[PDB]
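Have a look at the structure below before the remarks.
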């Protein structure tokens, strides 16, 4: 389940980055750029 | 869920660990003991030891004192400990009381030691059952069986280990006063008792014979051969 | 939040559900509430009903505290016997 | 170290159909759906061949098969067995190639590492004083950089850092340059980014060491 | 249409207006069970199997002899064997032998391997087994190959959350289809596994798996045979001594022997030549047969 | 070094040996099979029975007259009336239409919410219909008293007393409770080990209920389609409410009364929730005493076990010695036994045994006395039966004395 | 009534050996088959009233005839029937229909156009149940079982003797055992005993596996169980053989899965049919399993399963009997003493004893011999048995 | 399960922890001993043969207990050290009390009693070490004694413990001539057995230790064979194998 999240955040989401839309996650080596 | 602790009673009042210790006795080679008027005999089957091993160290019939002997079933590791403690006990009893140890007393102490080992956690029950016989009553032959639970009983004839039920039924069928009127007939009876469950040739039957005011006499292969030849003669006469 | 009734709540519930029944003045509902830990309101109503039926079984015209305790026992299907080691 | 990046490069440079799945995708509820998805993937590769199947992070379902004693434990073994049968089984695939990426390569099932199933076991070690220089040059080629920055100063450092660490260092250097309203990246912000990324110990509670 | 050919559960065709039965049509097969029948036989032949000759002959006494010459078994008075299990280390030739059997056979070969019988819904696995054996009986004589039988044939686990009961239900349906109330005629099953001790005692019992054929790792002569089989199309140099390569591979498997040939060829590919030398084979022996040890003498020294 | 078999070897093996009669016998066997198949194909009819009345019963050529004249009518319920009045009808799942009555019926007959018949062409209302009664739910009634009575249940005196106090006494004698202001429990959960006699007690209740006894078939409540089980529960409770003092029995309530979890059962859980809110909640249940039995009460939903839905929980524990003796006497009353049988000894020889095991012991004793050609079962046969039933399913007993 | 639908079987031939007497018996059976074929072939051909009534009824019925379910009966000549699509129709009941068997829930026969009730589908059995019925009895008789005398006696006293001699049970005042479970190690003779029972029985025999009782849809499992037991009830003397009951008889437990709870529901329906409200009737149930300790106590409790027949591994006498049975057809040698193979340690099952014979025949075929010898038998034994034990601890 | 602790008895009456300890013995390196008419020997295989590992003791597997006893070791290294230290302690205690060397069987019985006590009392795991014993005594002479983790011993003429024990023991029983073996023949047999008992070919001398027991002038000298004589035995076995294949 963790590895799935790792893959989802490292998918092509940052590839296109359409029209400067950011992610504002709110909650409580995952901290690297 | 009530069989994982020795000191836990089942809802129907069963100490299941003790019965599981009993189950280890049934996995051992059969030992047959029958007492006569002037004789006590300890029949034992051999496991047909490996071709490259010495039988001298696989002794199953051992004598606690000069005139009391026992044959066991179950694990040899616990049986050796039980026999060593029994020898120490009979020597100590001779020390405190100059009278020689009684077969009843040594049986009672073996049962007490077993009971002490099945009385608390952290102490595995002795998974061996012992057939203790001897002329220690000073003129009376006695036979005794100690269950691994810690209970001992006096038997005219009894069997323990694998196939004990069949030998017990056989003995119940033909242990009579006429059958044990002489030493040779009693030894023959032990032979017929051991033949049915141990089907094989020689060296698979070990007999311990002790006479009144005598020492333990482990019969050599030649003697058991002559007795089994006698039994074959009797059965060919019957047919 | 609807919590499990506490001691005062249980006593009040038993008082409410025993209003229609002829009950002795000697019943100590505070003692009953202590005896019924982890009882919901439905279980307290069942306690009152089973106390009424236990009173009716004996042919008693009026309920008693011991009838309520027996009903408490019967609500959780428990049965009380004179244990041979409890004296 | 660059496994998934190399699989991506193969996907971009190939004329065959590319299938990319994660080993964690196969682990599902509803028993018989994991192996069902494995078989679906392989049959899909079969239909439009030539094809390449990339099962990244297969180390999830690759562990040495032992005597599983629960149904959930048997499900992962069943998934692995279905994968083995699909790769080298009765139905020879022909014209489809399977690429797998792990990080251990020693906890994997010996049946998977069989020379009939995973012929080549290529190691992707940490970059050395050479591979690190090439990674730095390749990443910083598109960056504006500056005359005063000397990447050989950072390459020669004894720190053992993967290509992902190099990329993170360069991205933090860009972020530091951009935070100070500067369009040029210099030695100071690059050095600070290097120091920041190098710090990976975090707590370690001081007694494990 | 004769009424006597209208058997229960057949797919008839009914006219658009009066629903008049006008054709008998092929029977209905579950689409997942329909793809289980081999339509294009595999290209593996018996001559491509080296070092396994006794195994082939034993498997042909259950797969070929009972169906080609059933009269011998009636005359002998014995019952025909029904199932064989192929077990051994991975890559020894179990699936290769199953592929070679499916190539030389005249019977309908049906492949059902892995988890094709493990379905999400309850009773689907058992129904798939039942319809698979119905299809096998319809196309008799037939051979069912159950590769990786560990998936469904593992020992039955007691019930509870930690239980595979649905897969166990599928296995029990398979057990009944192999030896149950209704006898199977002219239906043979081949099962392959790497773990014969995992399989349940009720699946391995005679009557269901009559013959257990073991595939030990090839010996030196068997390894030489496999080397000569997998290097037949390779341009071996004059100084090629394939026996020395067999000796350099102690305790190897058939798949590793083939991998050695493949890597020896890949070295020539790297050097852009079409011939392989003894050095290529020796380096391939080292590259393929590279094992992984403990790597920590601490753990190795726990046991004296 | 084994060698394969060749064609000449095959020919010799199938020829060199017994061949004078093997060929004839084999051919006869094959052609006997062929004749059997041919007979079966020739007859192959097994004419399926259809509901055809005796020829004298119908003998009607006017059946064609009513077939041609009378028209079929789709059933539909007039959901809303419109005021020439218009009528909105729901044709089950087909559609909703706005129709008018035919001239045959008057507007007064048709009321909102009742089901009516409409023709298949114009959907005009042609005839009002009686309110729908479910066939599965109406077959859930007993209407046939089982032949077991309270005298057939032994060792459950207090359990029978409580069961009667819930399901029988309030119906027969409501005055004993209203005078003291006692509201009787409306539900019982008969729980205990299997074979202890909860279903037997339910059958005894149904034998003398003198009211409507409804046995709920658990399979019917679990329907393939979504929402159908809850609907069935709803119609079942409605039908119970139409009757006066209904009795509803749910045997093996754990089939549908499993604890909720989070798709799993879902539909079964929804049916269980429907039953839960029918038993207690808004819209008081009414004069409906529910009866529930299960041998695994721990798997039941706590909401269902709540003492507002299952008020009285009667435990069917294993019988004591007096109860076991009573059960032995009950199950041996028809047996051809001797007069000297000590049933107390037999009861003591079955320490923890249900009444079903006692019946099995009696049956096995009869079987033993049948085995040997004896018409009377002696106490020895009962001892053997006790051994075979209880003891079958010595060194262990050596420790106890 | 609808009495038992017993499986058909031909008379058994005793000689076994390919002698002249066996040929004569088979020829006599063939001659009777030919006589029956000739009679029932010349019947319709030699044959040259009710035709008018049948024609009138058939024209009134029309074709095709839709099958629907009767919901309610309104008048003597009107009813509400629901088509297979779920839409109910207020249709007319035609005169040539029994009003006695017209009951709610029954499968009625409807006209295609007018939908008027024109008949009732009597059987309407689920096709997944009618397959379970045994039509061709297995050829394995009681003479094909070695040993198992006590097991055979119990199974007979449970399923065969009550039908053949009910007078003993009637006079004794005991109802005969209506349920038996056959449990033991695999390959011991459980399914063999069930096959022999079906071969010898005169009652209808229904065989299930306990895995076909599980259906994909929600209610179809318990509904299938109810339909199976209803069919068993329809043919009054019936025997239901549920092999591999472990499949659904596993112990009930709190499961967080719809499939496991539905399977538990199927088992609950099974044991409600076995012993619940309403008497089961003259239906006897035989269950088989290799693991009885994993079965739900409610399923195997007395009242449902009355005799727990044990099937132990064969002893020396039983092993000898099985060898005699399975070597009867074989052309045995003279030096072959089966007693050497009969001895064993403790673990030769009946299934193994037959595979030993088959393997010995195969080894004889290898040496081009049709007469098996002792070396063939020992090779077969050491070839066919696969093992799996304590160490040298106990003395 | 019934293997939570050693004191648990299985319903069949089997100490599952004890059986686990014995099955674990096969992980240890191969150890064997041959009893000959003129003496007795032990043979061991060095699993750890890393070139970075220095050999300083030369007795990692074969330990000297008394002036007339020696023992080979197979099992957990820590348990092995504990048992050999206890063996030396018991030997010296008996020597102090009786002023005569231990009759071999007594010392083996002492270890077996200690091991049985460990497998009987709770809170203690069984000693996962099975060790062979060699020695000479005035009552029966040369003896080869086997010990199991459960404390069950037994007299033997030739056994093997460790990796591939069953094959080595089977071939021992196949080609051991009772009462006709000399120490040289026993050494040759041990080398032949160790050749294919371990998967490693050529039987490197550095990977095998052999210690022999002899009775010279009433001294009972315990000798550990140096690399020279071990290599000589290796070459002798190689030449014997070459002679055997000459028939082919």
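Points worth noting:
Note that the chains take the letters A, B, C, D, E, F, G and H in the order they are written out, and that residue 1 is the start of every chain.
Keep this in mind: a contact is a pair of C-beta atoms (placed from the backbone, for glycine too) under 8 Å apart; a residue touches a chain by one contact, two chains touch by 3 or more.
The UniProt protein names, listed by chain, are B = Proteasome subunit alpha type-7; E = 26S proteasome regulatory subunit 8; F = 26S proteasome regulatory subunit 7; G = 26S proteasome regulatory subunit 4; H = Proteasome subunit alpha type-4.
The chains that touch both chain D and chain G are E. Note on connectivity: the fewest steps through touching chains from chain C to chain E is 2.
Set against the C-alpha centre of chain B, every other chain centre is closer than that of A. Of all chain pairs, the one linked by the largest number of contacting C-beta pairs is F-G. Work out the mean CA point of chain D and of chain F, and you get 60 Å between them. Centres computed as Cα averages put chain C at a distance of 37 Å from chain F. Centroid to centroid, with C-alpha atoms defining each point, chain C and chain D lie 68 Å apart.
Each chain gets one centre point, the mean of its Cα atoms, and the points for chain E and chain G are 33 Å apart.
Across the assembly, chain B contributes residues 22, 24-27, 58, 74-77 that each touch 2 or more other chains.
Here the touching chains pair up as A-D, B-F, B-G, B-H, C-F, D-E, E-F, E-G, E-H, F-G, G-H.
Residues 3-4, 6, 17, 20-27, 50-58, 74-78, 80-81, 84, 117, 121-125, 127 of chain B touch chain H in their complex.
Only residues 390-393 of chain G touch chain H when the two sit together in their complex. On the side of chain E, the complex with chain D involves touching residues 42, 90-91, 95, 98-99, 102, 111, 113-116, 118-120, 125, 145, 147-148, 150-151, 154, 157, 161-167, 194-195, 198, 253, 255-256, 258-260, 262-263, 288, 292. Against chain B, the residues of chain G that register as touching in their complex are 390, 393-395. Across the interface of their complex, chain A is touched by residues 4, 22-25, 56-57, 60, 164-165, 167-168, 171-172, 175, 197, 200 of chain D.
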